[PDB]
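Structure file start23.pdb (PDB, C-alpha atoms) is printed below.
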```pdb
ATOM      1  CA  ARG S 346      86.273  23.818  70.703  1.00  0.00           C
ATOM      2  CA  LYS S 347      83.599  26.131  72.041  1.00  0.00           C
ATOM      3  CA  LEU S 348      82.247  29.369  70.696  1.00  0.00           C
ATOM      4  CA  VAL S 349      85.411  31.332  71.397  1.00  0.00           C
ATOM      5  CA  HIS S 350      83.856  34.764  71.782  1.00  0.00           C
ATOM      6  CA  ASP S 351      84.856  37.635  69.476  1.00  0.00           C
ATOM      7  CA  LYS S 352      86.536  40.823  70.619  1.00  0.00           C
ATOM      8  CA  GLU S 353      84.006  43.576  71.373  1.00  0.00           C
ATOM      9  CA  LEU S 354      84.169  46.040  68.499  1.00  0.00           C
ATOM     10  CA  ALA S 355      83.816  49.359  70.268  1.00  0.00           C
ATOM     11  CA  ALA S 356      82.522  52.633  68.933  1.00  0.00           C
ATOM     12  CA  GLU S 357      85.211  55.260  69.409  1.00  0.00           C
ATOM     13  CA  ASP S 358      84.329  58.195  71.634  1.00  0.00           C
ATOM     14  CA  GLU S 359      83.955  61.630  70.078  1.00  0.00           C
ATOM     15  CA  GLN S 360      86.764  63.149  72.139  1.00  0.00           C
ATOM     16  CA  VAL S 361      89.276  60.390  71.322  1.00  0.00           C
ATOM     17  CA  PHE S 362      88.287  60.422  67.640  1.00  0.00           C
ATOM     18  CA  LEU S 363      88.585  64.221  67.637  1.00  0.00           C
ATOM     19  CA  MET S 364      92.038  64.062  69.199  1.00  0.00           C
ATOM     20  CA  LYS S 365      92.868  61.411  66.576  1.00  0.00           C
ATOM     21  CA  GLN S 366      91.714  63.721  63.785  1.00  0.00           C
ATOM     22  CA  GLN S 367      93.453  66.603  65.556  1.00  0.00           C
ATOM     23  CA  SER S 368      96.622  64.511  65.315  1.00  0.00           C
ATOM     24  CA  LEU S 369      95.750  63.747  61.689  1.00  0.00           C
ATOM     25  CA  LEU S 370      95.298  67.438  60.869  1.00  0.00           C
ATOM     26  CA  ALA S 371      98.357  68.403  62.939  1.00  0.00           C
ATOM     27  CA  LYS S 372     100.408  65.891  60.955  1.00  0.00           C
ATOM     28  CA  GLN S 373      99.084  67.545  57.767  1.00  0.00           C
TER      29      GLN S 373
ATOM     30  CA  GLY L 679      55.433 124.322  48.806  1.00  0.00           C
ATOM     31  CA  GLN L 680      58.794 125.994  49.439  1.00  0.00           C
ATOM     32  CA  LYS L 681      58.792 124.352  52.860  1.00  0.00           C
ATOM     33  CA  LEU L 682      57.548 121.019  51.472  1.00  0.00           C
ATOM     34  CA  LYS L 683      60.276 121.070  48.797  1.00  0.00           C
ATOM     35  CA  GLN L 684      62.874 122.035  51.441  1.00  0.00           C
ATOM     36  CA  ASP L 685      61.856 119.402  53.984  1.00  0.00           C
ATOM     37  CA  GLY L 686      61.352 116.630  51.444  1.00  0.00           C
ATOM     38  CA  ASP L 687      64.681 117.529  49.853  1.00  0.00           C
ATOM     39  CA  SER L 688      66.334 117.272  53.283  1.00  0.00           C
ATOM     40  CA  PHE L 689      64.495 114.000  53.867  1.00  0.00           C
ATOM     41  CA  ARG L 690      65.565 112.861  50.372  1.00  0.00           C
ATOM     42  CA  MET L 691      69.248 113.467  51.078  1.00  0.00           C
ATOM     43  CA  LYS L 692      68.677 111.683  54.369  1.00  0.00           C
ATOM     44  CA  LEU L 693      67.264 108.823  52.277  1.00  0.00           C
ATOM     45  CA  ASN L 694      70.356 108.305  50.139  1.00  0.00           C
ATOM     46  CA  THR L 695      71.412 104.678  50.532  1.00  0.00           C
ATOM     47  CA  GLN L 696      74.863 104.914  48.960  1.00  0.00           C
ATOM     48  CA  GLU L 697      76.795 104.987  52.260  1.00  0.00           C
ATOM     49  CA  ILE L 698      75.300 101.713  53.512  1.00  0.00           C
ATOM     50  CA  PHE L 699      76.285  99.949  50.263  1.00  0.00           C
ATOM     51  CA  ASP L 700      79.778 101.464  50.329  1.00  0.00           C
ATOM     52  CA  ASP L 701      80.311 100.559  53.989  1.00  0.00           C
ATOM     53  CA  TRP L 702      78.976  97.063  53.183  1.00  0.00           C
ATOM     54  CA  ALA L 703      81.390  96.609  50.265  1.00  0.00           C
ATOM     55  CA  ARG L 704      84.153  98.090  52.438  1.00  0.00           C
ATOM     56  CA  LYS L 705      83.348  95.498  55.105  1.00  0.00           C
ATOM     57  CA  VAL L 706      83.556  92.617  52.626  1.00  0.00           C
ATOM     58  CA  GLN L 707      86.887  93.931  51.226  1.00  0.00           C
ATOM     59  CA  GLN L 708      88.006  94.094  54.872  1.00  0.00           C
ATOM     60  CA  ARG L 709      86.776  90.534  55.353  1.00  0.00           C
ATOM     61  CA  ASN L 710      88.137  89.288  51.956  1.00  0.00           C
ATOM     62  CA  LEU L 711      86.426  85.932  52.150  1.00  0.00           C
ATOM     63  CA  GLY L 712      88.036  82.744  50.925  1.00  0.00           C
ATOM     64  CA  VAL L 713      86.211  79.438  50.529  1.00  0.00           C
ATOM     65  CA  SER L 714      89.172  77.111  50.136  1.00  0.00           C
ATOM     66  CA  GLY L 715      90.531  74.808  52.811  1.00  0.00           C
ATOM     67  CA  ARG L 716      89.991  71.506  54.537  1.00  0.00           C
ATOM     68  CA  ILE L 717      86.261  70.944  54.585  1.00  0.00           C
ATOM     69  CA  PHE L 718      86.263  69.812  58.177  1.00  0.00           C
ATOM     70  CA  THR L 719      87.845  72.112  60.723  1.00  0.00           C
ATOM     71  CA  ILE L 720      88.667  71.230  64.327  1.00  0.00           C
TER      72      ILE L 720
ATOM     73  CA  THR Y 873      54.089  35.234  83.150  1.00  0.00           C
ATOM     74  CA  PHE Y 874      57.872  34.814  83.323  1.00  0.00           C
ATOM     75  CA  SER Y 875      57.637  32.713  80.137  1.00  0.00           C
ATOM     76  CA  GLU Y 876      55.570  35.494  78.538  1.00  0.00           C
ATOM     77  CA  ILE Y 877      58.111  38.247  79.269  1.00  0.00           C
ATOM     78  CA  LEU Y 878      61.003  36.061  78.089  1.00  0.00           C
ATOM     79  CA  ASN Y 879      59.058  35.313  74.906  1.00  0.00           C
ATOM     80  CA  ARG Y 880      58.594  39.090  74.508  1.00  0.00           C
ATOM     81  CA  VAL Y 881      62.329  39.704  74.772  1.00  0.00           C
ATOM     82  CA  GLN Y 882      62.880  36.637  72.541  1.00  0.00           C
ATOM     83  CA  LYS Y 883      60.867  38.224  69.743  1.00  0.00           C
ATOM     84  CA  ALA Y 884      62.563  41.538  70.587  1.00  0.00           C
ATOM     85  CA  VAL Y 885      66.022  40.012  70.100  1.00  0.00           C
ATOM     86  CA  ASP Y 886      64.763  38.380  66.894  1.00  0.00           C
ATOM     87  CA  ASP Y 887      63.800  41.908  65.779  1.00  0.00           C
ATOM     88  CA  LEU Y 888      67.278  43.045  66.839  1.00  0.00           C
ATOM     89  CA  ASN Y 889      68.976  40.235  64.934  1.00  0.00           C
ATOM     90  CA  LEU Y 890      66.955  40.921  61.803  1.00  0.00           C
ATOM     91  CA  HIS Y 891      68.196  44.523  61.826  1.00  0.00           C
ATOM     92  CA  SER Y 892      71.887  43.403  61.979  1.00  0.00           C
ATOM     93  CA  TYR Y 893      73.488  45.515  64.700  1.00  0.00           C
ATOM     94  CA  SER Y 894      77.022  45.197  66.021  1.00  0.00           C
ATOM     95  CA  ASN Y 895      78.166  43.342  69.177  1.00  0.00           C
ATOM     96  CA  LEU Y 896      75.092  41.213  69.859  1.00  0.00           C
ATOM     97  CA  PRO Y 897      76.935  38.502  71.993  1.00  0.00           C
ATOM     98  CA  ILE Y 898      78.231  41.179  74.384  1.00  0.00           C
ATOM     99  CA  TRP Y 899      74.926  43.023  74.720  1.00  0.00           C
ATOM    100  CA  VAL Y 900      72.599  40.028  74.994  1.00  0.00           C
ATOM    101  CA  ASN Y 901      75.181  38.394  77.286  1.00  0.00           C
ATOM    102  CA  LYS Y 902      74.887  41.446  79.604  1.00  0.00           C
ATOM    103  CA  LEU Y 903      71.112  41.327  79.397  1.00  0.00           C
ATOM    104  CA  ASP Y 904      71.064  37.545  79.972  1.00  0.00           C
ATOM    105  CA  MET Y 905      73.184  38.217  83.067  1.00  0.00           C
ATOM    106  CA  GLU Y 906      70.640  40.853  84.153  1.00  0.00           C
ATOM    107  CA  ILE Y 907      67.665  38.478  83.699  1.00  0.00           C
ATOM    108  CA  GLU Y 908      69.713  35.824  85.537  1.00  0.00           C
ATOM    109  CA  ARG Y 909      70.214  38.311  88.414  1.00  0.00           C
ATOM    110  CA  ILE Y 910      66.498  39.176  88.542  1.00  0.00           C
ATOM    111  CA  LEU Y 911      65.538  35.481  88.365  1.00  0.00           C
ATOM    112  CA  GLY Y 912      68.012  34.787  91.174  1.00  0.00           C
ATOM    113  CA  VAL Y 913      66.423  37.354  93.485  1.00  0.00           C
ATOM    114  CA  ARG Y 914      62.909  36.184  92.472  1.00  0.00           C
ATOM    115  CA  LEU Y 915      63.821  32.548  93.206  1.00  0.00           C
ATOM    116  CA  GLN Y 916      65.399  33.698  96.510  1.00  0.00           C
ATOM    117  CA  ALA Y 917      62.264  35.498  97.710  1.00  0.00           C
ATOM    118  CA  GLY Y 918      60.082  32.672  96.369  1.00  0.00           C
ATOM    119  CA  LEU Y 919      61.958  30.025  98.362  1.00  0.00           C
ATOM    120  CA  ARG Y 920      61.539  32.349 101.366  1.00  0.00           C
TER     121      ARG Y 920
END
```
For the file at hand, write its structure as structure tokens.
Amino acid sequence: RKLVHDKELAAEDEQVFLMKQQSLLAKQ
Amino acid sequence: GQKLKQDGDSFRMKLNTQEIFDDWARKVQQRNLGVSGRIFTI
Amino acid sequence: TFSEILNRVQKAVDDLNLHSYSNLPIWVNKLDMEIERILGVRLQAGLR
């Protein structure tokens, strides 16, 4: 039972977050 | 003083600023600006 | 001198870990790999 290493919490890129909020606005 | 009254009267009617205000207010009626909407825009 | 620079990055990563940033195992794992690479090529040229 080692230190089982956590998943790398990644900062989202500005293009993929802007296409996500483009999808969020386009669903609104 | 005839010529001073004539030329300053012509310069005075050149210095009326009513047309700039009326073209300005015409331009903002032609814009017709609305604030409201989603406060981020993409 | 090697012990000095690793003590400098030891107090630097203590200053990092006081400030509470994300993803410290990944980043200091990458940098520990980089210092392991540099110490490998230094030990290689030193044995030469």
Worksheet item: In Å to one decimal, how far is atom CA of residue 715 of chain L from atom CA of residue 361 of chain S?
Response: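 About the pair atom CA of residue 361 of chain S and atom CA of residue 715 of chain L: they are 23.5 Å apart.
Between residue 908 of chain Y and the candidates Y:889, Y:896, Y:878, Y:883, the tightest atom-to-atom separation, counting all atoms listed in the file, involves Y:878.
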Worksheet entry | Interatomic distance (Å, one decimal) between atom CA of residue 901 of chain Y and atom CA of residue 913 of chain Y |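 Result for atom CA of residue 901 of chain Y versus atom CA of residue 913 of chain Y: 18.4 Å, one decimal.
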Item to complete: Write out as a PyMOL selection string each polymer residue whose atoms come within 10 Å of residue 363 of chain S, counting all atoms listed in the file; drop sequence neighbours fewer than 6 positions from it.
Response: (chain S and resi 357+369) or (chain L and resi 720)
Fill in: Explicit residues for the PyMOL selection byres ((chain S) within 10 of (chain L)) (as a PyMOL selection string)
chain S and resi 363-364+366-367+370
Using only C-alpha atoms, what table do you get, as CSV, when you list each residue of chain S with an atom no more than 10 Å from chain Y, its nearest pair of atoms, and their distance in Å rounded to one decimal, rows by chain then rising number?
```
residue,atom,partner,partner_atom,distance
S:350,CA,Y:897,CA,7.9
S:351,CA,Y:897,CA,8.4
S:352,CA,Y:895,CA,8.9
S:353,CA,Y:895,CA,6.2
S:354,CA,Y:895,CA,6.6
S:355,CA,Y:895,CA,8.3
S:356,CA,Y:894,CA,9.7
```
Item to complete: Measure the distance from atom CA of residue 349 of chain S to atom CA of residue 882 of chain Y in Å and round it to one decimal.
Response: 23.2 Å
Worksheet item: Which of these residues is nearest to residue 877 of chain Y, using all atoms listed in the file: Y:902, Y:893, Y:912, Y:907?
Response: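 Smallest distance to residue 877 of chain Y is found for Y:907.
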Please enclose the listed atoms of segment 704-710 of chain L in an axis-aligned box, pad each side by 8 Å, and write out the centre and the three edge lengths in Å, rounded to one decimal, as JSON.
```
{"center_x": 85.7, "center_y": 93.7, "center_z": 53.3, "size_x": 20.8, "size_y": 24.8, "size_z": 20.1}
```
